[PDB]
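Here you get one chain, nothing else, as structure tokens; it is the form deposited in one PDB entry.
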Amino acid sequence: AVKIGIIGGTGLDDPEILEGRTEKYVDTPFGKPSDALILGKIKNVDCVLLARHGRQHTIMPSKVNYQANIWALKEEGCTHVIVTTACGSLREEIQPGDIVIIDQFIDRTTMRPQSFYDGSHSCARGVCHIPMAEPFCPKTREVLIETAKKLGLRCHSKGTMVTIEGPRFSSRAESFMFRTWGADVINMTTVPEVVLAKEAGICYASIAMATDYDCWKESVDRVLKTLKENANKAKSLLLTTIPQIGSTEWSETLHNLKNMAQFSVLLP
């Protein structure tokens, strides 16, 4: 019995994707989420859609309440969270329009809370050191990859996302430097989203859409065109991927995530 959190970023602020949709506002112990939860369905599978930046795209990446967002999805009984993110490419072979099913991340954020266990909440007591060797759910990633192959989508099977604080773009020096650190794509929103998802014991996976090369590489209209196409690629990828997920067993996987998440907490 699965329930799929879906976080929609840039170009997917308010996407018509769910059947039988209901609007639901919640509060959480970490504050309010970016916008109403959108309860709904794809084929037979229960989904919950949420606009990372709010449905009018009014919340900058530094100010996204990632804690509230993941907590609200957890609380609504989500088993998976699949997200999208418009990103810059740091690699010749990752072309504008390409999907990257990222497997790793490099944190360059500085102002964002990264744990539920901050010692200030009684819903999250103790000190948690969550493991990050494998931040993304490999089975959910496997299905995303398989399904994009089916759809005939240009797709990369792994990649390391460097997440910057923003809101500014990179400098050229930084773009070049990120390359030397082994980053493949860049954005402002993966961290700490992915980190909090692990703490919450939720299978998390990210659909990264390369909207353009970052400034290392030697037109707004071209970028907005790429971005709109990318959004439609991502929409089908989700529409086709989510029913595949709803047709396999997950209690196996989910028991191991819930355990890694409990076992990272140190009691007083």
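Whichever C-alpha set is largest while still superposing within 1.5 Å between the two forms counts as the rigid core. Shifts are known only where both forms have a C-alpha. The first residue of the shown sequence is 1; numbering continues from there.
Keep in mind the form deposited in another entry is missing from the figure; the text below concerns it.
- Core-superposed comparison between this form and the one not shown: CA of residue 15 displaced by 2 Å or more.
- Relative to the superposed core, residue 225 undergoes a C-alpha shift of no less than 2 Å between this form and the one not shown.
- Expansion of the residue 158-residue 15 CA spacing by 3 Å or more is recorded in that other deposited form, set against this form.
- By 3 Å or more, the C-alpha separation between residue 9 and residue 46 shrinks in that other deposited form relative to the form shown here.
- 9-20, 219-225 make up the set of runs between this form and the one not shown where every Cα shifts by 2 Å or more, each run at least three residues long, with the core as reference frame.
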